[PDB]
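Raw start.pdb, PDB, C-alpha atoms:
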ATOM      1  CA  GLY Y 437    -147.089 -56.525 -43.874
ATOM      2  CA  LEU Y 438    -144.983 -53.372 -43.298
ATOM      3  CA  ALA Y 439    -147.491 -51.900 -40.934
ATOM      4  CA  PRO Y 440    -146.600 -53.248 -37.476
ATOM      5  CA  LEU Y 441    -149.037 -55.867 -36.189
ATOM      6  CA  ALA Y 442    -151.215 -56.234 -33.199
ATOM      7  CA  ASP Y 443    -149.833 -58.209 -30.237
ATOM      8  CA  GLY Y 444    -151.570 -61.429 -30.845
ATOM      9  CA  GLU Y 445    -150.132 -61.560 -34.408
ATOM     10  CA  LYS Y 446    -146.518 -61.195 -33.423
ATOM     11  CA  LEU Y 447    -144.432 -64.267 -33.450
ATOM     12  CA  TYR Y 448    -141.447 -63.173 -31.395
ATOM     13  CA  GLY Y 449    -138.015 -64.656 -31.964
ATOM     14  CA  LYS Y 450    -136.085 -65.840 -28.903
ATOM     15  CA  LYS Y 451    -132.808 -64.127 -28.090
ATOM     16  CA  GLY Y 452    -129.736 -66.129 -27.454
ATOM     17  CA  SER Y 453    -126.076 -65.672 -27.579
ATOM     18  CA  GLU Y 454    -123.970 -63.311 -29.607
ATOM     19  CA  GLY Y 455    -127.326 -61.690 -30.208
ATOM     20  CA  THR Y 456    -128.806 -64.665 -32.081
ATOM     21  CA  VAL Y 457    -132.591 -64.513 -32.483
ATOM     22  CA  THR Y 458    -134.300 -67.881 -33.169
ATOM     23  CA  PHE Y 459    -137.800 -68.484 -34.498
ATOM     24  CA  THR Y 460    -140.054 -71.535 -34.553
ATOM     25  CA  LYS Y 461    -140.613 -71.228 -38.321
ATOM     26  CA  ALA Y 462    -138.934 -69.763 -41.403
ATOM     27  CA  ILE Y 463    -138.538 -65.976 -41.308
ATOM     28  CA  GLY Y 464    -140.322 -65.325 -44.626
ATOM     29  CA  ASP Y 465    -140.585 -61.936 -46.313
ATOM     30  CA  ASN Y 466    -140.806 -59.594 -43.332
ATOM     31  CA  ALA Y 467    -139.291 -59.118 -39.978
ATOM     32  CA  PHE Y 468    -140.017 -56.364 -37.531
ATOM     33  CA  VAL Y 469    -137.481 -54.825 -35.128
ATOM     34  CA  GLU Y 470    -139.160 -53.353 -32.037
ATOM     35  CA  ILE Y 471    -137.032 -50.781 -30.270
ATOM     36  CA  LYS Y 472    -137.525 -49.006 -27.044
ATOM     37  CA  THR Y 473    -134.881 -46.282 -26.962
ATOM     38  CA  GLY Y 474    -133.268 -44.934 -23.749
ATOM     39  CA  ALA Y 475    -134.510 -41.514 -22.767
ATOM     40  CA  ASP Y 476    -131.284 -39.689 -23.757
ATOM     41  CA  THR Y 477    -130.842 -41.551 -27.027
ATOM     42  CA  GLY Y 478    -130.984 -39.430 -30.157
ATOM     43  CA  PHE Y 479    -130.113 -42.057 -32.808
ATOM     44  CA  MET Y 480    -129.301 -45.733 -33.211
ATOM     45  CA  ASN Y 481    -128.664 -48.157 -36.023
ATOM     46  CA  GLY Y 482    -127.647 -51.735 -36.491
ATOM     47  CA  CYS Y 483    -128.737 -54.720 -38.523
ATOM     48  CA  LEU Y 484    -130.302 -58.153 -38.844
ATOM     49  CA  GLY Y 485    -127.414 -60.296 -40.118
ATOM     50  CA  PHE Y 486    -127.307 -63.628 -41.911
ATOM     51  CA  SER Y 487    -124.697 -65.941 -43.336
ATOM     52  CA  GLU Y 488    -125.193 -68.478 -46.104
ATOM     53  CA  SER Y 489    -123.140 -70.720 -48.351
ATOM     54  CA  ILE Y 490    -123.739 -71.261 -52.053
ATOM     55  CA  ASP Y 491    -121.612 -73.749 -53.990
ATOM     56  CA  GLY Y 492    -118.660 -73.608 -51.707
ATOM     57  CA  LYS Y 493    -118.683 -69.825 -51.281
ATOM     58  CA  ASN Y 494    -119.578 -68.033 -48.030
ATOM     59  CA  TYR Y 495    -121.517 -64.837 -47.646
ATOM     60  CA  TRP Y 496    -122.465 -62.357 -44.968
ATOM     61  CA  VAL Y 497    -125.708 -60.423 -45.600
ATOM     62  CA  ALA Y 498    -126.995 -57.498 -43.572
ATOM     63  CA  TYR Y 499    -130.258 -55.548 -43.504
ATOM     64  CA  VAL Y 500    -129.750 -52.143 -41.907
ATOM     65  CA  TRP Y 501    -132.239 -50.362 -39.642
ATOM     66  CA  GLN Y 502    -132.120 -47.050 -37.812
ATOM     67  CA  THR Y 503    -134.308 -44.942 -35.589
ATOM     68  CA  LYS Y 504    -134.319 -41.780 -33.569
ATOM     69  CA  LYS Y 505    -137.131 -42.922 -31.319
ATOM     70  CA  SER Y 506    -138.967 -45.958 -29.858
ATOM     71  CA  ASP Y 507    -140.520 -47.583 -32.885
ATOM     72  CA  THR Y 508    -141.089 -50.803 -34.824
ATOM     73  CA  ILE Y 509    -138.981 -51.064 -37.965
ATOM     74  CA  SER Y 510    -140.267 -53.195 -40.913
ATOM     75  CA  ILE Y 511    -137.438 -55.068 -42.558
ATOM     76  CA  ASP Y 512    -138.102 -56.386 -46.124
ATOM     77  CA  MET Y 513    -136.066 -59.612 -46.460
ATOM     78  CA  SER Y 514    -136.040 -59.103 -50.296
ATOM     79  CA  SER Y 515    -133.927 -55.962 -49.859
ATOM     80  CA  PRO Y 516    -130.578 -56.610 -48.219
ATOM     81  CA  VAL Y 517    -128.150 -53.674 -48.326
ATOM     82  CA  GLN Y 518    -124.736 -55.203 -47.543
ATOM     83  CA  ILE Y 519    -123.622 -58.438 -49.181
ATOM     84  CA  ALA Y 520    -120.053 -59.668 -48.984
ATOM     85  CA  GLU Y 521    -118.206 -62.797 -49.875
ATOM     86  CA  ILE Y 522    -115.950 -64.034 -47.121
ATOM     87  CA  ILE Y 523    -112.812 -65.388 -48.772
ATOM     88  CA  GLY Y 524    -110.420 -66.535 -46.054
ATOM     89  CA  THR Y 525    -110.075 -63.515 -43.731
ATOM     90  CA  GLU Y 526    -110.955 -61.115 -46.578
ATOM     91  CA  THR Y 527    -114.214 -59.813 -47.973
ATOM     92  CA  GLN Y 528    -115.449 -58.685 -51.371
ATOM     93  CA  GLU Y 529    -118.696 -56.803 -52.227
ATOM     94  CA  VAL Y 530    -121.179 -58.901 -54.195
ATOM     95  CA  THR Y 531    -123.051 -56.937 -56.871
ATOM     96  CA  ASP Y 532    -124.322 -59.863 -58.999
ATOM     97  CA  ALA Y 533    -128.102 -59.684 -58.849
ATOM     98  CA  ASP Y 534    -128.421 -63.439 -59.455
ATOM     99  CA  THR Y 535    -126.293 -64.241 -56.445
ATOM    100  CA  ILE Y 536    -128.074 -61.720 -54.357
ATOM    101  CA  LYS Y 537    -131.499 -63.095 -55.138
ATOM    102  CA  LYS Y 538    -130.383 -66.631 -54.414
ATOM    103  CA  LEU Y 539    -129.046 -65.536 -51.050
ATOM    104  CA  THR Y 540    -132.286 -63.811 -50.198
ATOM    105  CA  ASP Y 541    -134.271 -66.869 -51.315
ATOM    106  CA  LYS Y 542    -132.229 -68.909 -48.861
ATOM    107  CA  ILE Y 543    -132.452 -66.323 -46.047
ATOM    108  CA  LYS Y 544    -136.239 -66.329 -46.332
ATOM    109  CA  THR Y 545    -136.047 -70.018 -45.250
ATOM    110  CA  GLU Y 546    -133.792 -69.446 -42.201
ATOM    111  CA  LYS Y 547    -135.097 -69.830 -38.667
ATOM    112  CA  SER Y 548    -132.504 -67.533 -37.081
ATOM    113  CA  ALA Y 549    -130.709 -64.185 -37.584
ATOM    114  CA  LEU Y 550    -128.153 -62.014 -35.892
ATOM    115  CA  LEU Y 551    -129.361 -58.864 -34.221
ATOM    116  CA  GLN Y 552    -126.642 -56.233 -33.808
ATOM    117  CA  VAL Y 553    -126.690 -52.659 -32.530
ATOM    118  CA  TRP Y 554    -123.881 -50.758 -34.279
ATOM    119  CA  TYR Y 555    -123.960 -47.041 -33.544
ATOM    120  CA  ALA Y 556    -125.881 -44.838 -31.108
ATOM    121  CA  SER Y 557    -125.650 -41.233 -29.979
ATOM    122  CA  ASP Y 558    -127.376 -39.119 -27.417
ATOM    123  CA  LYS Y 559    -129.487 -36.038 -27.772
ATOM    124  CA  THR Y 560    -126.400 -33.800 -28.178
ATOM    125  CA  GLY Y 561    -125.041 -36.028 -30.942
ATOM    126  CA  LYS Y 562    -122.297 -37.601 -28.699
ATOM    127  CA  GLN Y 563    -121.591 -41.340 -29.063
ATOM    128  CA  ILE Y 564    -123.019 -43.807 -26.592
ATOM    129  CA  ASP Y 565    -120.490 -46.671 -25.928
ATOM    130  CA  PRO Y 566    -121.453 -49.436 -26.101
ATOM    131  CA  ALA Y 567    -124.277 -48.787 -28.602
ATOM    132  CA  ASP Y 568    -126.267 -51.389 -26.758
ATOM    133  CA  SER Y 569    -126.717 -49.294 -23.659
ATOM    134  CA  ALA Y 570    -128.658 -46.817 -25.754
ATOM    135  CA  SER Y 571    -131.839 -48.914 -25.879
ATOM    136  CA  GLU Y 572    -134.026 -50.277 -23.057
ATOM    137  CA  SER Y 573    -135.180 -53.271 -25.176
ATOM    138  CA  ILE Y 574    -134.886 -54.635 -28.695
ATOM    139  CA  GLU Y 575    -137.013 -57.492 -29.861
ATOM    140  CA  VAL Y 576    -137.747 -59.055 -33.283
ATOM    141  CA  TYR Y 577    -140.903 -60.609 -34.595
ATOM    142  CA  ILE Y 578    -142.379 -62.010 -37.745
ATOM    143  CA  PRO Y 579    -146.102 -62.213 -38.508
ATOM    144  CA  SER Y 580    -148.220 -65.183 -37.361
ATOM    145  CA  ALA Y 581    -149.425 -67.799 -39.851
ATOM    146  CA  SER Y 582    -152.754 -66.220 -39.386
ATOM    147  CA  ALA Y 583    -151.500 -62.675 -40.342
ATOM    148  CA  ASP Y 584    -149.863 -64.044 -43.494
ATOM    149  CA  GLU Y 585    -153.170 -65.702 -44.578
ATOM    150  CA  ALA Y 586    -154.568 -62.242 -44.746
ATOM    151  CA  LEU Y 587    -152.452 -62.487 -47.941
TER
ATOM    152  CA  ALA O 439     -91.223 -63.349 -28.263
ATOM    153  CA  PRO O 440     -94.605 -65.266 -27.635
ATOM    154  CA  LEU O 441     -96.451 -65.621 -25.193
ATOM    155  CA  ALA O 442     -99.082 -65.245 -22.432
ATOM    156  CA  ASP O 443    -100.231 -66.100 -19.693
ATOM    157  CA  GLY O 444    -101.936 -64.734 -16.561
ATOM    158  CA  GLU O 445    -100.994 -61.354 -18.111
ATOM    159  CA  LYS O 446    -104.071 -61.792 -20.340
ATOM    160  CA  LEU O 447    -106.582 -59.056 -19.632
ATOM    161  CA  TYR O 448    -109.888 -60.704 -20.628
ATOM    162  CA  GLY O 449    -112.953 -58.657 -21.540
ATOM    163  CA  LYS O 450    -116.376 -59.209 -19.955
ATOM    164  CA  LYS O 451    -119.108 -60.466 -22.347
ATOM    165  CA  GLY O 452    -122.314 -58.447 -22.560
ATOM    166  CA  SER O 453    -125.592 -59.163 -24.315
ATOM    167  CA  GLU O 454    -125.836 -58.515 -28.023
ATOM    168  CA  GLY O 455    -122.375 -60.128 -28.057
ATOM    169  CA  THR O 456    -120.549 -56.943 -26.893
ATOM    170  CA  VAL O 457    -117.293 -57.651 -25.034
ATOM    171  CA  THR O 458    -115.890 -54.909 -22.903
ATOM    172  CA  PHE O 459    -112.520 -54.301 -21.216
ATOM    173  CA  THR O 460    -111.137 -52.201 -18.315
ATOM    174  CA  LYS O 461    -108.750 -50.270 -20.603
ATOM    175  CA  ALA O 462    -108.369 -49.393 -24.281
ATOM    176  CA  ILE O 463    -108.096 -52.381 -26.590
ATOM    177  CA  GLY O 464    -104.881 -51.178 -28.218
ATOM    178  CA  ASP O 465    -103.081 -52.755 -31.170
ATOM    179  CA  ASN O 466    -103.763 -56.435 -30.609
ATOM    180  CA  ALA O 467    -106.702 -58.560 -29.601
ATOM    181  CA  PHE O 468    -106.736 -62.307 -29.262
ATOM    182  CA  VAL O 469    -109.823 -64.316 -29.905
ATOM    183  CA  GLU O 470    -109.610 -67.536 -27.799
ATOM    184  CA  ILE O 471    -111.807 -70.236 -29.412
ATOM    185  CA  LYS O 472    -112.780 -73.697 -28.326
ATOM    186  CA  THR O 473    -114.454 -75.595 -31.140
ATOM    187  CA  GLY O 474    -117.405 -78.003 -30.572
ATOM    188  CA  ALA O 475    -116.678 -81.667 -31.447
ATOM    189  CA  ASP O 476    -118.432 -82.010 -34.846
ATOM    190  CA  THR O 477    -117.275 -78.588 -35.972
ATOM    191  CA  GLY O 478    -114.956 -78.266 -38.987
ATOM    192  CA  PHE O 479    -114.925 -74.489 -39.459
ATOM    193  CA  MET O 480    -116.046 -71.272 -37.882
ATOM    194  CA  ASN O 481    -115.657 -67.685 -38.736
ATOM    195  CA  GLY O 482    -117.047 -64.359 -37.628
ATOM    196  CA  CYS O 483    -115.624 -61.041 -36.521
ATOM    197  CA  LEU O 484    -114.798 -58.395 -34.036
ATOM    198  CA  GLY O 485    -116.758 -55.244 -35.050
ATOM    199  CA  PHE O 486    -116.700 -51.525 -34.121
ATOM    200  CA  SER O 487    -118.586 -48.454 -35.069
ATOM    201  CA  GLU O 488    -117.075 -45.039 -35.212
ATOM    202  CA  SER O 489    -118.141 -41.599 -36.125
ATOM    203  CA  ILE O 490    -115.941 -39.136 -37.997
ATOM    204  CA  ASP O 491    -116.811 -35.632 -39.135
ATOM    205  CA  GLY O 492    -120.382 -36.643 -38.549
ATOM    206  CA  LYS O 493    -120.314 -39.825 -40.645
ATOM    207  CA  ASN O 494    -121.016 -43.252 -39.218
ATOM    208  CA  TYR O 495    -118.937 -46.293 -40.050
ATOM    209  CA  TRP O 496    -118.971 -50.005 -39.414
ATOM    210  CA  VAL O 497    -115.594 -51.714 -39.253
ATOM    211  CA  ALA O 498    -114.982 -55.463 -39.031
ATOM    212  CA  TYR O 499    -111.956 -57.677 -38.438
ATOM    213  CA  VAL O 500    -112.678 -61.176 -39.585
ATOM    214  CA  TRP O 501    -111.244 -64.263 -37.932
ATOM    215  CA  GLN O 502    -111.693 -67.894 -38.963
ATOM    216  CA  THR O 503    -110.562 -71.234 -37.584
ATOM    217  CA  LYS O 504    -110.768 -74.920 -38.256
ATOM    218  CA  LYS O 505    -109.890 -75.820 -34.649
ATOM    219  CA  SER O 506    -109.364 -74.746 -31.058
ATOM    220  CA  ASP O 507    -107.033 -71.790 -31.263
ATOM    221  CA  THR O 508    -106.201 -68.150 -30.377
ATOM    222  CA  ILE O 509    -106.388 -65.841 -33.406
ATOM    223  CA  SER O 510    -104.219 -62.743 -33.127
ATOM    224  CA  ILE O 511    -106.139 -59.801 -34.584
ATOM    225  CA  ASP O 512    -104.297 -56.788 -35.976
ATOM    226  CA  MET O 513    -106.316 -53.639 -35.121
ATOM    227  CA  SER O 514    -104.601 -51.765 -37.953
ATOM    228  CA  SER O 515    -105.743 -54.234 -40.595
ATOM    229  CA  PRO O 516    -109.535 -54.264 -40.722
ATOM    230  CA  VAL O 517    -111.110 -55.842 -43.837
ATOM    231  CA  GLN O 518    -114.669 -54.493 -44.006
ATOM    232  CA  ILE O 519    -115.285 -50.816 -43.718
ATOM    233  CA  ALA O 520    -118.619 -49.449 -44.718
ATOM    234  CA  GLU O 521    -120.048 -45.999 -44.246
ATOM    235  CA  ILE O 522    -123.591 -46.287 -43.054
ATOM    236  CA  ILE O 523    -125.821 -43.870 -44.991
ATOM    237  CA  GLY O 524    -129.356 -44.114 -43.720
ATOM    238  CA  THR O 525    -130.317 -47.718 -44.257
ATOM    239  CA  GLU O 526    -127.672 -48.239 -46.942
ATOM    240  CA  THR O 527    -123.964 -48.940 -46.960
ATOM    241  CA  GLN O 528    -120.957 -47.738 -48.989
ATOM    242  CA  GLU O 529    -117.551 -49.514 -48.885
ATOM    243  CA  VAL O 530    -114.592 -47.363 -47.783
ATOM    244  CA  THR O 531    -111.260 -47.580 -49.566
ATOM    245  CA  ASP O 532    -109.813 -44.120 -48.658
ATOM    246  CA  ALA O 533    -106.616 -44.866 -46.755
ATOM    247  CA  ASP O 534    -106.839 -41.828 -44.487
ATOM    248  CA  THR O 535    -110.368 -42.606 -43.519
ATOM    249  CA  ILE O 536    -109.345 -46.145 -42.632
ATOM    250  CA  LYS O 537    -106.414 -44.725 -40.727
ATOM    251  CA  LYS O 538    -108.522 -42.366 -38.666
ATOM    252  CA  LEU O 539    -110.991 -45.208 -37.966
ATOM    253  CA  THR O 540    -108.331 -47.633 -36.806
ATOM    254  CA  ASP O 541    -106.815 -44.921 -34.626
ATOM    255  CA  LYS O 542    -110.164 -44.443 -32.920
ATOM    256  CA  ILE O 543    -110.884 -48.142 -32.624
ATOM    257  CA  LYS O 544    -107.607 -48.771 -30.763
ATOM    258  CA  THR O 545    -108.792 -46.524 -27.974
ATOM    259  CA  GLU O 546    -112.143 -48.329 -27.568
ATOM    260  CA  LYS O 547    -112.897 -50.371 -24.480
ATOM    261  CA  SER O 548    -115.536 -52.515 -26.168
ATOM    262  CA  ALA O 549    -116.070 -54.599 -29.218
ATOM    263  CA  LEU O 550    -118.724 -56.652 -30.844
ATOM    264  CA  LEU O 551    -117.850 -60.352 -31.100
ATOM    265  CA  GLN O 552    -119.875 -62.227 -33.689
ATOM    266  CA  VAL O 553    -119.909 -65.748 -35.033
ATOM    267  CA  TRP O 554    -121.145 -65.755 -38.615
ATOM    268  CA  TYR O 555    -120.647 -69.094 -40.231
ATOM    269  CA  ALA O 556    -119.950 -72.590 -39.057
ATOM    270  CA  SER O 557    -119.766 -75.984 -40.655
ATOM    271  CA  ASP O 558    -119.824 -79.566 -39.726
ATOM    272  CA  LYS O 559    -116.937 -81.932 -40.372
ATOM    273  CA  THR O 560    -118.895 -82.970 -43.488
ATOM    274  CA  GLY O 561    -119.184 -79.346 -44.626
ATOM    275  CA  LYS O 562    -122.805 -79.428 -43.399
ATOM    276  CA  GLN O 563    -123.808 -75.917 -42.184
ATOM    277  CA  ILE O 564    -124.308 -75.562 -38.360
ATOM    278  CA  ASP O 565    -127.203 -73.368 -37.373
ATOM    279  CA  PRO O 566    -127.073 -71.205 -35.484
ATOM    280  CA  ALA O 567    -123.361 -70.627 -36.131
ATOM    281  CA  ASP O 568    -122.886 -69.767 -32.556
ATOM    282  CA  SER O 569    -123.768 -73.362 -31.605
ATOM    283  CA  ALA O 570    -120.647 -74.720 -33.233
ATOM    284  CA  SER O 571    -118.350 -73.337 -30.567
ATOM    285  CA  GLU O 572    -117.943 -74.557 -27.027
ATOM    286  CA  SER O 573    -116.392 -71.287 -25.864
ATOM    287  CA  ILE O 574    -115.202 -67.944 -27.310
ATOM    288  CA  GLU O 575    -113.318 -65.283 -25.357
ATOM    289  CA  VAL O 576    -111.220 -62.275 -26.112
ATOM    290  CA  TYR O 577    -108.268 -60.927 -24.306
ATOM    291  CA  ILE O 578    -105.693 -58.240 -24.728
ATOM    292  CA  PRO O 579    -102.306 -58.019 -23.022
ATOM    293  CA  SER O 580    -101.706 -56.823 -19.485
ATOM    294  CA  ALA O 581    -100.145 -53.388 -19.155
ATOM    295  CA  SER O 582     -97.279 -55.051 -17.367
ATOM    296  CA  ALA O 583     -96.897 -57.177 -20.536
ATOM    297  CA  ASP O 584     -97.464 -54.112 -22.786
ATOM    298  CA  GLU O 585     -94.533 -52.262 -21.142
ATOM    299  CA  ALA O 586     -92.439 -55.148 -22.575
TER
END
So, in terms of structure tokens, how does the structure I just supplied come out?
Amino acid sequence: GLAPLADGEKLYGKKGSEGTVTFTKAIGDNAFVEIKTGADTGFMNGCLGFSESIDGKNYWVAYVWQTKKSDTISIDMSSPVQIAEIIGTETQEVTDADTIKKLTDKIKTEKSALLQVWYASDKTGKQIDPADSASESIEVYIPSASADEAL
Amino acid sequence: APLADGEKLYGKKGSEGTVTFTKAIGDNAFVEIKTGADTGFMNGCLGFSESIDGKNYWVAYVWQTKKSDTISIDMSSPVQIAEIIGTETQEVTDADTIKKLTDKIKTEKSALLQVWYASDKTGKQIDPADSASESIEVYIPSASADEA
């Protein structure tokens, strides 16, 4: 599961508020970000974002994606790239591989995520503000119970 | 000399949580939060992305609250600065880079408002975090007010 799936195998998440996406079952090991870029968009990136607590400490965890074209991006939920502890209104990189793995274990059980578009630029390399206006749609799915059975 | 009111230029809320204004954000932004009734704690951020000498950065100002409040946010004092390198990130501590970034940010007209974490009055996580608030707005000061 890192090849995009056929339509009937896509369990789409439902988009809410400050870009929350909510699913009817645990996210599991793979999510897929489907992007239709605007016709003058040269580049975009952003993340799926999670927050978790472990023994009284709070963490923000982000998986970064990017594209230069309409495409489906496979996100491996075992491989976060930004992990930070939120200590009051301050943050601190987490590098401890035990903490990271526990966070990912927990994230694999979550039913929702944050979808954010961070940065976008047009075909001349000039910034598109807000980044959001650079895409025509962004959606997120996970595989169906049936696709997962195929191991 | 606090405070307010009616000279609060609010920003319109977009989709992915973007919030946009009719003029540059400037030095201070105020996150206006109304907490939901079983909520003991919320945090999240205002975020921005900037490019500089063809590098891409993500910059975040974190707020938190334990109640209905207005958090003043200092645009000069971000707390999470990463350079985005492909699908990886790299923390920024260079003081000049931060300085350039904050300079650019202050001239933006839009920002990303995000709720990250939220907890019950029994420290029981609320999910999605967003659900723990009854209402979250941002304003900046009116240009009448700014002249003062």
(request) Return the single residue from O:535, O:569, O:489, O:552 that is closest to residue 486 in chain Y, with distances computed using only C-alpha atoms. (result)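 Once distances to residue 486 in chain Y are computed over only C-alpha atoms, the minimum belongs to O:552.
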(message) For residue 493 in chain Y, find every residue with an atom within 12 Å (counting all atoms listed in the file), except residues of its own chain fewer than 6 positions away, and show them as number ranges by chain.
(response) Y: 487, 520-524, 527-528, 530, 535, 539; O: 555, 561
Keeping C-alpha atoms for every residue in the selection just given, could you write it to a file as a PDB file, in the coordinates of the input?
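The result, stored in result_32.pdb:
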ATOM      1  CA  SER Y 487    -124.697 -65.941 -43.336  1.00  0.00           C
ATOM      2  CA  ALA Y 520    -120.053 -59.668 -48.984  1.00  0.00           C
ATOM      3  CA  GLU Y 521    -118.206 -62.797 -49.875  1.00  0.00           C
ATOM      4  CA  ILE Y 522    -115.950 -64.034 -47.121  1.00  0.00           C
ATOM      5  CA  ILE Y 523    -112.812 -65.388 -48.772  1.00  0.00           C
ATOM      6  CA  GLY Y 524    -110.420 -66.535 -46.054  1.00  0.00           C
ATOM      7  CA  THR Y 527    -114.214 -59.813 -47.973  1.00  0.00           C
ATOM      8  CA  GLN Y 528    -115.449 -58.685 -51.371  1.00  0.00           C
ATOM      9  CA  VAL Y 530    -121.179 -58.901 -54.195  1.00  0.00           C
ATOM     10  CA  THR Y 535    -126.293 -64.241 -56.445  1.00  0.00           C
ATOM     11  CA  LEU Y 539    -129.046 -65.536 -51.050  1.00  0.00           C
TER      12      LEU Y 539
ATOM     13  CA  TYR O 555    -120.647 -69.094 -40.231  1.00  0.00           C
ATOM     14  CA  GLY O 561    -119.184 -79.346 -44.626  1.00  0.00           C
TER      15      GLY O 561
END
(message) Contacts from chain Y to chain O, 6 Å maximum, all atoms listed in the file: show me the residue list as JSON, numbers by chain.
(response) {"Y": [454, 455, 487, 500, 501, 517, 525, 526, 554, 555]}
(request) Run through the PyMOL selection byres ((chain Y and resi 573) around 8) on the given coordinates and return the selected residues as a list in words. (result) residues 470, 471, 472, 473, 571, 572, 574 and 575 of chain Y
Output C-alpha atoms for every residue in the selection just made, as a CSV table (one decimal), in the coordinates of the input.
chain,number,residue,atom,x,y,z
Y,470,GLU,CA,-139.2,-53.4,-32.0
Y,471,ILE,CA,-137.0,-50.8,-30.3
Y,472,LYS,CA,-137.5,-49.0,-27.0
Y,473,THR,CA,-134.9,-46.3,-27.0
Y,571,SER,CA,-131.8,-48.9,-25.9
Y,572,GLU,CA,-134.0,-50.3,-23.1
Y,574,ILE,CA,-134.9,-54.6,-28.7
Y,575,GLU,CA,-137.0,-57.5,-29.9
(request) Work out how far apart CA of residue 572 in chain O and CA of residue 471 in chain O are and give it in Å to one decimal. (result)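 Between these atoms lies a distance of 7.9 Å.
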(request) Apply the PyMOL selection byres ((chain O and resi 505) around 9) to the file shown and report the selected residues as number ranges by chain. (result) O: 471-474, 477-480, 503-504, 506-507
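One distance worth recording is that between CA of residue 479 in chain Y and CA of residue 566 in chain Y, which is 13.2 Å.
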(request) Quick one: apply the PyMOL selection byres ((chain Y and resi 581) around 12) to the file and drop the selected residues here as a VMD selection string. (result) chain Y and resid 444 to 447 460 to 464 578 to 580 582 to 587
(message) My list of candidates is Y:570, Y:556, Y:551, Y:564. Which is closest to residue 453 in chain Y when distances are computed with all atoms listed in the file?
(response)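 Closest to residue 453 in chain Y, using all atoms listed in the file: Y:551.
Picture a line from CA of residue 548 in chain Y to CA of residue 485 in chain Y; it runs 9.4 Å.
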Calculate, to one decimal in Å, the centre and edge lengths of the box along x, y and z of the file that holds all listed atoms of range 460-465 of chain Y with 8 Å of margin on each side, and present them as JSON.
{"center_x": -139.6, "center_y": -66.7, "center_z": -40.4, "size_x": 18.1, "size_y": 25.6, "size_z": 27.8}
(message) Taking (-131.7, -39.6, -23.6) in the coordinates of the supplied file, I want to know which residues reach to within 6 Å of it, counting all atoms listed in the file; could you give the answer as number ranges by chain?
(response) Y: 474-477, 558-559
(message) Just want the 12 Å neighbourhood of residue 538 in chain Y, counted on all atoms listed in the file, with same-chain residues fewer than 5 positions away dropped. Output as a VMD selection string.
(response) chain Y and resid 488 to 491 495 497 514 516 519 532 to 533 543 to 545
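For residue 583 in chain O, the set of protein, DNA and RNA residues having any atom at most 9 Å away, when counting all atoms listed in the file and skipping those fewer than 3 positions along the same chain, is residues 442, 445, 446, 579, 580 and 586 of chain O.
For the residues O:476, O:466, O:532, O:440, ranking by smallest atom-to-atom distance to residue 515 in chain O using only C-alpha atoms places O:466 first.
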File contents for range 506-514 of chain Y with N, CA, C and O atoms as a PDB file, in the first residue's frame:
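Result file follows (selection13.pdb):
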ATOM      1  N   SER Y 506      -0.604  17.563 -10.043  1.00  0.00           N
ATOM      2  CA  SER Y 506      -1.743  16.753  -9.508  1.00  0.00           C
ATOM      3  C   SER Y 506      -1.254  15.359  -9.280  1.00  0.00           C
ATOM      4  O   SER Y 506      -0.588  14.815 -10.128  1.00  0.00           O
ATOM      5  N   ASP Y 507      -1.484  14.784  -8.106  1.00  0.00           N
ATOM      6  CA  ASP Y 507      -0.905  13.487  -7.821  1.00  0.00           C
ATOM      7  C   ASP Y 507      -1.470  13.002  -6.536  1.00  0.00           C
ATOM      8  O   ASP Y 507      -2.093  13.776  -5.823  1.00  0.00           O
ATOM      9  N   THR Y 508      -1.223  11.729  -6.229  1.00  0.00           N
ATOM     10  CA  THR Y 508      -1.639  11.115  -4.943  1.00  0.00           C
ATOM     11  C   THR Y 508      -0.349  10.821  -4.209  1.00  0.00           C
ATOM     12  O   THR Y 508       0.525  10.182  -4.760  1.00  0.00           O
ATOM     13  N   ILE Y 509      -0.198  11.352  -3.013  1.00  0.00           N
ATOM     14  CA  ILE Y 509       1.017  11.155  -2.239  1.00  0.00           C
ATOM     15  C   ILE Y 509       0.747  10.095  -1.144  1.00  0.00           C
ATOM     16  O   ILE Y 509      -0.214  10.227  -0.404  1.00  0.00           O
ATOM     17  N   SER Y 510       1.583   9.062  -1.081  1.00  0.00           N
ATOM     18  CA  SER Y 510       1.543   8.000  -0.080  1.00  0.00           C
ATOM     19  C   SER Y 510       2.286   8.476   1.136  1.00  0.00           C
ATOM     20  O   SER Y 510       3.484   8.724   1.031  1.00  0.00           O
ATOM     21  N   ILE Y 511       1.612   8.560   2.266  1.00  0.00           N
ATOM     22  CA  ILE Y 511       2.251   8.924   3.507  1.00  0.00           C
ATOM     23  C   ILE Y 511       2.365   7.664   4.426  1.00  0.00           C
ATOM     24  O   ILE Y 511       1.389   7.001   4.735  1.00  0.00           O
ATOM     25  N   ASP Y 512       3.586   7.305   4.741  1.00  0.00           N
ATOM     26  CA  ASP Y 512       3.893   6.194   5.685  1.00  0.00           C
ATOM     27  C   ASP Y 512       3.798   6.728   7.126  1.00  0.00           C
ATOM     28  O   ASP Y 512       4.585   7.621   7.529  1.00  0.00           O
ATOM     29  N   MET Y 513       2.825   6.226   7.896  1.00  0.00           N
ATOM     30  CA  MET Y 513       2.592   6.750   9.244  1.00  0.00           C
ATOM     31  C   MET Y 513       3.656   6.259  10.241  1.00  0.00           C
ATOM     32  O   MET Y 513       3.663   6.712  11.378  1.00  0.00           O
ATOM     33  N   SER Y 514       4.523   5.338   9.827  1.00  0.00           N
ATOM     34  CA  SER Y 514       5.752   4.968  10.592  1.00  0.00           C
ATOM     35  C   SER Y 514       6.938   5.938  10.508  1.00  0.00           C
ATOM     36  O   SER Y 514       7.890   5.785  11.284  1.00  0.00           O
TER      37      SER Y 514
END
